[PDB]
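Okay, so here's just one chain, in structure tokens, the form deposited in one PDB entry.
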């Protein structure tokens, strides 16, 4: 059994815990051993280690990564801690499952990437929207020739978790200790999807805005320093075009990662708010010609491991169980885990190049 350490218990932390708990239930083999859970404060770590099924909890993440009973470390902490935690786990000889984005800067991601290549350990980054059966089905349909050659990509990622101007300021909204805004939180997810469909990015031209520039801060206010929304025109290395956007102030949207690939022989379209649906157009005889609604079921990758009947909606959290299985397989020397820290660094360059472009008014080439 794989020995597991988990750092953090929040949105992604609990998602990781659920994932590691059921990965063998879904996919077979030996259940991973849930060894050490790290979180703060300590009594929360202890309480949650009990209910999560971990052998023990600790408030010291360094203890978790060095434990001799641990083979792999899930890292779900705030972005500013990612570099230090991943580098320590790799230095301790542990495989790493790091939540996105890799870190605050390209410089940090470059160091992480060299550290991963220096260890002989597997890494995967938590781009969970690449794990849905519908997304994986789309990739396989394209690889099967279902839509011919992609000629255009249009993608967006809209949410409104910051749309309320009275939500408080935080150091996450500074460049120095928050890194990127919408591009860092949501943009990187869209890039992960985008490059899986279209291949590498060659050029971006971007624009960005801070829509709510000031927020409540301990009686007065403080300045929001990173972007609430951004958009970019893409030229892929292949020569094909792309449209790209993200926003954390797009009112009414909650997880609207939506993309489409228009090809020479068809079109694929997806919206994460309805993650069980994949829309596929292929030319057909005029009397019946039209897009097909493909409802997620056992014909799509991964789904059969959770349910034998179609239309029993696959959930957001189950994307994480798939992601866990990919890592287990990679550790065991079968499949590859995508993206590792090398593949991840590329994604980091793209989002930071979009930010640089928006700042400078000039395109950025890769």
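Numbering follows the first chain given and starts at 1. C-alpha atoms forming the largest set that superposes within 1.5 Å between two forms make up the rigid core.
If you look for the form deposited in another entry, you will not find it shown, but the lines that follow are about it.
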Looking between the shown form and the other one after fitting on the rigid core, I'd like to know which of 78, 216, 93, 148 has a C-alpha displacement of 2 Å or more. 216
Once the core is aligned, please say if the CA of residue 274 is shifted by at least 2 angstroms between the shown form and the other one. no
Post core alignment: residue 238 C-alpha displaced by 2 Å or more between the shown form and the other one: no
Core-aligned C-alpha movement of residue 174 between the shown form and the other one, 2 Å or more: yes
What direction does the residue 105-residue 217 Cα distance move in the other entry compared with the shown chain, closer or farther, given a change of 3 Å or more? farther
